[PDB]
Amino acid sequence: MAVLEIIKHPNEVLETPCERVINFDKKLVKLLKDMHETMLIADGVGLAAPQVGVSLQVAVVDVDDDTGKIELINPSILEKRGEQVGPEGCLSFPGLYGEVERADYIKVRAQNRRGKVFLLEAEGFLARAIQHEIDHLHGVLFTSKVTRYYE
Ligand code: NI
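FYI, in this note's numbering the residues of the sequence shown are 3 to 153.
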C-alpha cells in the first residue's frame, strides 16, 4: 500500500468534474486500497479520488465499524428524503468546519471494484459523508454549501 498525498484547497484538481470509471482493473483496486488507508491514517471518514489527484468517479467512506468500508464507483443518488443540519469538514481543508444542510436519507446506486451495480440506503452521518464525497466527484466542494462557519 501507499500513503497518498491528500491535495489541499487550493488546487484545481479539486474543482474538476471526474470521468466515469470504464476499466475496472488492478490499478483501480490499488487506488481504492491506498485511498482507504490514507483516509484513516489522516482521521478522515470519507475520501474521493480527486483529493489524491485522480479525476475518476471513485470514493470511499468508512464511519461505523459494523457498517464498515463502503467503496463507491460511479455513484449516483436515486432518492433523497428529509434534511439534517450540522458540522462538516474535509481532509482537503484542514481544520475548516462549517454548517451544511444535507439530505438525511439517501438511496445510492454505485458499482463495486468488479463493476457490479449495488443499491445502498443510508441516513444521518453516513448519508452526509456519502453526499459530500459524491459532490467531490463532480468538482463540488463543501465550502460552496456552507451556511455559516463556526467561531
Ligand atoms: Ni471532502
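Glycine is no exception: its CB is placed at the ideal position from the N, C-alpha and C atoms.
Between the region 91-105 and the region 141-152 there are three or more C-beta pairs closer than 8 Å, enough to call the two in contact. Per the Cβ contact rule, the region 42-53 is not in contact with the region 107-123 (fewer than 3 Cβ pairs under 8 Å).
The DSSP-derived three-state label of residue 130 is helix. Comparing alpha-carbon positions, the option among 71, 137, 39 and 38 lying closest to residue 105 turns out to be 137.
Residues 103, 104, 105 and 106 of the same chain have their beta carbon placed closer than 8 Å to that of residue 85, with the five preceding and five following residues left out of the count. The C-alpha of residue 16 is placed about 20 Å away from the C-alpha of residue 79. Between residue 129 and residue 47, the C-beta spacing is not below 7 Å. Residue ranges of uninterrupted beta strand (DSSP E) with 3 or more members, entirely inside the region 68-111 and ordered along the chain, are 71-90. Of 57, 4, 77 and 26, the smallest CA-CA separation from residue 123 is found for 77. Within its own chain, the residues whose Cβ lies closer than 7 Å to the Cβ of residue 91, once the five positions on either side in sequence are excluded, are 98 and 99, listed in chain order. Here the C-alpha atom of residue 150 lies approximately 20 Å from the C-alpha atom of residue 135.
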